[PDB]
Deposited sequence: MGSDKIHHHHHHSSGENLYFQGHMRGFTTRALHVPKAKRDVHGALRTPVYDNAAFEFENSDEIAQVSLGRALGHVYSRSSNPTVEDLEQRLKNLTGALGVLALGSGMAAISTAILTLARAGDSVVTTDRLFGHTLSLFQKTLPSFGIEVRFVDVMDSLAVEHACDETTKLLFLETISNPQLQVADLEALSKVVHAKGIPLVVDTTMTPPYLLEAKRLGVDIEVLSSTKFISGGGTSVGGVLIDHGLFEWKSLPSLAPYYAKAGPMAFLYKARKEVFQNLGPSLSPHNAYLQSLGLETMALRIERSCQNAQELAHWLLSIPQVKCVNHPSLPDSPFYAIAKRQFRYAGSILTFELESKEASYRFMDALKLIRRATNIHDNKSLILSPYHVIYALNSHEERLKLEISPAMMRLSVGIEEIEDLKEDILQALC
């Protein structure tokens, strides 16, 4: 059964529930919780497993809100945070001990597009009886079947919808039905009540209920509507990014094109094993910081902005926004949209001259 047909034909709060049922139908999951934002999904998954006196392990590649959750909020709830290089399975193994209640990471880092080996990391952590929680925003369900790679809990930010009145956001939390929850002292009391639903039960009836990141039915409705054309939009988006990365290799003025679909990518093999397509974000450089700025000022379709995964193609210089130390001032990050490929190539050519 295809993705688009599963978004369309699913086998109190009826709009939110209907969204949750779609998402479950789309992933084959044990169950799903829709929440008010991506940060709310992340923090709900963590706070379901971790409490004062525990630790958690995560990537040292976080910034902005996700970073601040781990640097400021979690230590205020008595949770020790261990930052590690998630590219290194041995550093991950050594950071984990009996206080460690989960490993959290992202499917593709931003802006470097590093791709951790999820299955390998799932095994390192499963051997110690620790669950794996992954933010799959860069590679949502049509691109990734996280259950096959050992991912216990999948979290993501939902399709955003921008209006005059502000941006409508959401989050999604997915239990893949992999981890034996009853083996954790955190969830054993909920196993008595809910059986295999122990994680989802605490997450929903306790953590979500008490911290209250409610999802509006109006947002839920828009997100369901988005799920209908997700496969179609992602196919377009991701084929455009794959073709752009390849074509960028032919442009004299362009250097250091980075996308995991390219054969010279360090993450070429792992991406091909994990993903239908390695997401719709790529990176590249011109000769200098100043050539990159002049290029960007000259684009007529692709716009400068902060968001990613818009229908519109968007670009920015991650350096100008502030480890920064490891990124080139001449690097630009391109979030590729659903425009016809010929127009995007044409805009980029034109902005070069």
property: Sequence order list of spans that the model leaves without C-alpha positions, deposited numbering; result: 1-24, 36-79, 391-399
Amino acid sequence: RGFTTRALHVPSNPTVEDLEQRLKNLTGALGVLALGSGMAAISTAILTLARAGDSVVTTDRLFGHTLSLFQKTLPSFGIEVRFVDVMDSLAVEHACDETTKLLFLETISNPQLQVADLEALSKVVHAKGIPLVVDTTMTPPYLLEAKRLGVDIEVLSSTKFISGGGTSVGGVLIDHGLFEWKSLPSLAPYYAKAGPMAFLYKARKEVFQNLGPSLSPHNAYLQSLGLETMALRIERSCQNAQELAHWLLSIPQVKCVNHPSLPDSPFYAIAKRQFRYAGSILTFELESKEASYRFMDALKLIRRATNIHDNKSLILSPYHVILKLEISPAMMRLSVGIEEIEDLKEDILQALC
From here on, numbers count along this sequence of modelled residues.
query: Stretch with the higher entry mean CA B-factor, where the candidates are 66-74 and 297-305; finding: 297-305
query: Comparing 250-258 with 237-245, the one whose average Cα B-factor in the PDB entry is higher; finding: 250-258
query: Largest Cα B-factor, entry values, listed residues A41, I327, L30, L314; finding: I327
query: Residue with highest C-alpha B-factor in the PDB entry, from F275, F161, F199, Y221; finding: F161
query: Entry-reported Cα temperature factor of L323, expressed as the chain third it lands in; finding: highest
query: Third of chain Cα B-factors occupied by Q21; finding: middle
query: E206 CA temperature factor, ranked by third within the chain; finding: middle
query: Within-chain third of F179 by Cα B-factor, per the entry; finding: middle
query: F104 - which third its CA temperature factor falls in, relative to the rest of the chain; finding: lowest
